[PDB]
Every structure is written in C-alpha cells, then in structure tokens.
Amino acid sequence: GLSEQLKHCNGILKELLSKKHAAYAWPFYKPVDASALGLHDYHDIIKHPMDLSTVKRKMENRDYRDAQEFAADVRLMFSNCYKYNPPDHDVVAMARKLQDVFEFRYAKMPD
Ligand SMILES: CNC(=O)c1cc(C(=O)NC2CC2)cn([C@H](C)c2ccccc2)c1=O
C-alpha cells in the first residue's frame, strides 16, 4: 500500500547513515550528549531533541504512520541544530549539507 512511501523514507534514512555522507552526517548520528559536550543550556533551548538513531529506532518500531511524520522528525533534528548553534559554526554547515541531501531525495517521493 512499511507503506511504499515509508520504504522511500527508510531508503533516505539508510543513505543519511551511509559512509557516502559520514563527513557531515556524524554530528546527527546520536542524541546530543549535552553534559559530555559542556552544552549545559542545550535542554533549556531544545525542548524536543531528535537525531538519526532515534529516527531509525522509530522506523524499526513502525512508529511513523506516514512519510510526513518521518520528515517532521528529520526536519526537527536540523531545526534544533539551527536554533542552538551560531550560524557560522561548522555543525550548522554540516546540517545545511545533510538537509540538502535529505530534501532533494524526499522530493523524489513516489506518488
Ligand atoms: C546536532 N549537533 C550539535 O548541535 C552539536 C553542537 C556542538 C557545539 O559545540 N555547539 C556549541 C554551540 C556552539 C558540537 N557538536 C559536535 C561535537 C561538533 C563539534 C565540532 C564540529 C562539528 C560538530 C555537535 O554535534
């Protein structure tokens, strides 16, 4: 009728986690460890943390009911990065590059 659109989403997720994009994807692999990185304001600024490992667990557990819900979580992850980090930080440049990969492939969703 995973749905056909959620299989496309799963394909995108596999690509975002692949060695192809690892040079700029790695900050998004796991939840931000705020205490480890000394980001003691992170959880005051970011109310809904998101990362690719959480998206993968949700996909594996069939949590997403459609492609829109999946895309909202991936975009939440990028938005958190843009909200917390200064716009000239290396992690924001990496977010922009990984979001470009995401948005162009998400746009190729089969109807
Ligand atoms: C989603 N990831 C983050 O928001 C994030 C923030 C900060 C961070 O220190 N943010 C401070 C507000 C500047 C550092 N990193 C890692 C450790 C990093 C360090 C150097 C280059 C690229 C990435 C993140 O992944």
# chains A, B, ... in the order shown; residues from 1 in each chain; ligands from 1
$ residues_near_ligand --ligand "ligand 1" --cutoff "12 Å" --atoms "only C-alpha atoms and all ligand atoms" --output "PDB file with C-alpha atoms, in the first residue's frame"
ATOM      1  CA  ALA A  23      31.965  13.502   6.701  1.00  0.00           C
ATOM      2  CA  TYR A  24      28.998  15.843   7.555  1.00  0.00           C
ATOM      3  CA  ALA A  25      26.344  13.397   8.934  1.00  0.00           C
ATOM      4  CA  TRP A  26      28.257  12.259  12.075  1.00  0.00           C
ATOM      5  CA  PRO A  27      27.018  15.092  14.418  1.00  0.00           C
ATOM      6  CA  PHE A  28      23.429  13.802  13.788  1.00  0.00           C
ATOM      7  CA  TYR A  29      24.071  10.034  14.351  1.00  0.00           C
ATOM      8  CA  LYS A  30      23.268  10.017  18.122  1.00  0.00           C
ATOM      9  CA  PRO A  31      21.416  12.264  20.611  1.00  0.00           C
ATOM     10  CA  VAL A  32      23.422  15.413  21.541  1.00  0.00           C
ATOM     11  CA  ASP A  33      25.162  14.454  24.834  1.00  0.00           C
ATOM     12  CA  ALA A  34      24.775  17.970  26.317  1.00  0.00           C
ATOM     13  CA  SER A  35      26.647  17.211  29.615  1.00  0.00           C
ATOM     14  CA  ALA A  36      29.573  15.441  27.788  1.00  0.00           C
ATOM     15  CA  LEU A  37      29.969  18.397  25.315  1.00  0.00           C
ATOM     16  CA  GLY A  38      29.550  21.027  28.119  1.00  0.00           C
ATOM     17  CA  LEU A  39      26.334  22.359  26.443  1.00  0.00           C
ATOM     18  CA  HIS A  40      24.618  22.984  29.835  1.00  0.00           C
ATOM     19  CA  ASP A  41      21.886  25.196  28.220  1.00  0.00           C
ATOM     20  CA  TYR A  42      21.056  22.652  25.446  1.00  0.00           C
ATOM     21  CA  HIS A  43      17.937  21.165  27.132  1.00  0.00           C
ATOM     22  CA  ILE A  45      16.832  25.802  24.441  1.00  0.00           C
ATOM     23  CA  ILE A  46      15.921  22.457  22.703  1.00  0.00           C
ATOM     24  CA  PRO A  49      15.806  16.656  20.849  1.00  0.00           C
ATOM     25  CA  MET A  50      15.984  14.467  17.715  1.00  0.00           C
ATOM     26  CA  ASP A  51      18.781  12.546  15.932  1.00  0.00           C
ATOM     27  CA  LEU A  52      19.113   9.852  13.232  1.00  0.00           C
ATOM     28  CA  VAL A  74      14.260  14.699  10.348  1.00  0.00           C
ATOM     29  CA  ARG A  75      13.461  18.445   9.940  1.00  0.00           C
ATOM     30  CA  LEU A  76      13.108  18.816  13.772  1.00  0.00           C
ATOM     31  CA  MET A  77      16.705  17.461  14.078  1.00  0.00           C
ATOM     32  CA  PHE A  78      18.005  20.142  11.626  1.00  0.00           C
ATOM     33  CA  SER A  79      15.854  22.934  13.181  1.00  0.00           C
ATOM     34  CA  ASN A  80      17.297  22.120  16.651  1.00  0.00           C
ATOM     35  CA  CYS A  81      20.821  22.491  15.182  1.00  0.00           C
ATOM     36  CA  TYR A  82      19.919  25.886  13.593  1.00  0.00           C
ATOM     37  CA  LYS A  83      18.213  27.042  16.860  1.00  0.00           C
ATOM     38  CA  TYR A  84      21.017  26.101  19.299  1.00  0.00           C
ATOM     39  CA  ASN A  85      24.225  26.732  17.277  1.00  0.00           C
ATOM     40  CA  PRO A  86      25.658  30.034  15.992  1.00  0.00           C
ATOM     41  CA  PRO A  87      25.020  30.196  12.203  1.00  0.00           C
ATOM     42  CA  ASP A  88      28.826  30.276  11.420  1.00  0.00           C
ATOM     43  CA  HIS A  89      29.551  27.039  13.450  1.00  0.00           C
ATOM     44  CA  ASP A  90      30.946  24.010  11.495  1.00  0.00           C
ATOM     45  CA  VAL A  91      27.961  21.874  12.737  1.00  0.00           C
ATOM     46  CA  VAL A  92      25.492  24.309  11.021  1.00  0.00           C
ATOM     47  CA  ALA A  93      27.425  23.985   7.687  1.00  0.00           C
ATOM     48  CA  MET A  94      27.201  20.158   8.139  1.00  0.00           C
ATOM     49  CA  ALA A  95      23.432  20.396   8.942  1.00  0.00           C
ATOM     50  CA  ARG A  96      22.855  22.506   5.757  1.00  0.00           C
ATOM     51  CA  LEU A  98      22.892  16.872   5.132  1.00  0.00           C
TER      52      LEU A  98
END
$ select_by_dssp --residues "chain A" --states "alpha helix (DSSP H)" --output "JSON, numbers by chain"
{"A": [4, 5, 6, 7, 8, 9, 10, 11, 12, 13, 14, 15, 16, 22, 23, 24, 25, 34, 35, 36, 37, 42, 43, 44, 45, 52, 53, 54, 55, 56, 57, 58, 59, 60, 67, 68, 69, 70, 71, 72, 73, 74, 75, 76, 77, 78, 79, 80, 81, 82, 83, 84, 90, 91, 92, 93, 94, 95, 96, 97, 98, 99, 100, 101, 102, 103, 104, 105, 106]}
$ closest_residue --among "A:68, A:3, A:101, A:73" --to "residue 17 in chain A" --atoms "only C-alpha atoms"
A:101
$ atom_distance --atom1 "CA of residue 72 in chain A" --atom2 "CA of residue 55 in chain A"
10.3 Å
$ residues_around --residues "residue 1 in chain A" --least-positions-apart "6" --cutoff "12 Å" --atoms "only C-alpha atoms" --output "list in words"
residues 7, 66, 110 and 111 of chain A
$ decode --residues "range 87-100 of chain A" --atoms "N, CA and C atoms" --output "JSON list (two decimals), in the first residue's frame"
[["chain", "number", "residue", "atom", "x", "y", "z"],
["A", 87, "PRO", "N", 25.16, 30.54, 13.62],
["A", 87, "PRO", "CA", 25.02, 30.20, 12.20],
["A", 87, "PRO", "C", 26.35, 29.99, 11.45],
["A", 88, "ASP", "N", 27.48, 30.42, 12.03],
["A", 88, "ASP", "CA", 28.83, 30.28, 11.42],
["A", 88, "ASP", "C", 29.56, 29.05, 11.99],
["A", 89, "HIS", "N", 28.93, 28.25, 12.86],
["A", 89, "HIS", "CA", 29.55, 27.04, 13.45],
["A", 89, "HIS", "C", 29.65, 25.95, 12.38],
["A", 90, "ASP", "N", 30.72, 25.15, 12.43],
["A", 90, "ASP", "CA", 30.95, 24.01, 11.49],
["A", 90, "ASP", "C", 29.72, 23.08, 11.50],
["A", 91, "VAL", "N", 29.09, 22.85, 12.65],
["A", 91, "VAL", "CA", 27.96, 21.87, 12.74],
["A", 91, "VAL", "C", 26.78, 22.40, 11.91],
["A", 92, "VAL", "N", 26.60, 23.72, 11.82],
["A", 92, "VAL", "CA", 25.49, 24.31, 11.02],
["A", 92, "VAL", "C", 25.78, 24.10, 9.53],
["A", 93, "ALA", "N", 27.03, 24.28, 9.08],
["A", 93, "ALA", "CA", 27.42, 23.98, 7.69],
["A", 93, "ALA", "C", 27.14, 22.51, 7.38],
["A", 94, "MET", "N", 27.42, 21.62, 8.32],
["A", 94, "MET", "CA", 27.20, 20.16, 8.14],
["A", 94, "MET", "C", 25.70, 19.87, 8.07],
["A", 95, "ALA", "N", 24.91, 20.50, 8.94],
["A", 95, "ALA", "CA", 23.43, 20.40, 8.94],
["A", 95, "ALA", "C", 22.89, 20.81, 7.57],
["A", 96, "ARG", "N", 23.33, 21.97, 7.06],
["A", 96, "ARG", "CA", 22.86, 22.51, 5.76],
["A", 96, "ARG", "C", 23.11, 21.46, 4.66],
["A", 97, "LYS", "N", 24.32, 20.88, 4.63],
["A", 97, "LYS", "CA", 24.71, 19.89, 3.60],
["A", 97, "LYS", "C", 23.87, 18.62, 3.75],
["A", 98, "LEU", "N", 23.70, 18.10, 4.96],
["A", 98, "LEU", "CA", 22.89, 16.87, 5.13],
["A", 98, "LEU", "C", 21.42, 17.17, 4.83],
["A", 99, "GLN", "N", 20.91, 18.35, 5.19],
["A", 99, "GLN", "CA", 19.50, 18.69, 4.90],
["A", 99, "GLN", "C", 19.31, 18.80, 3.38],
["A", 100, "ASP", "N", 20.29, 19.30, 2.64],
["A", 100, "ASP", "CA", 20.19, 19.36, 1.16],
["A", 100, "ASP", "C", 20.04, 17.94, 0.62]]
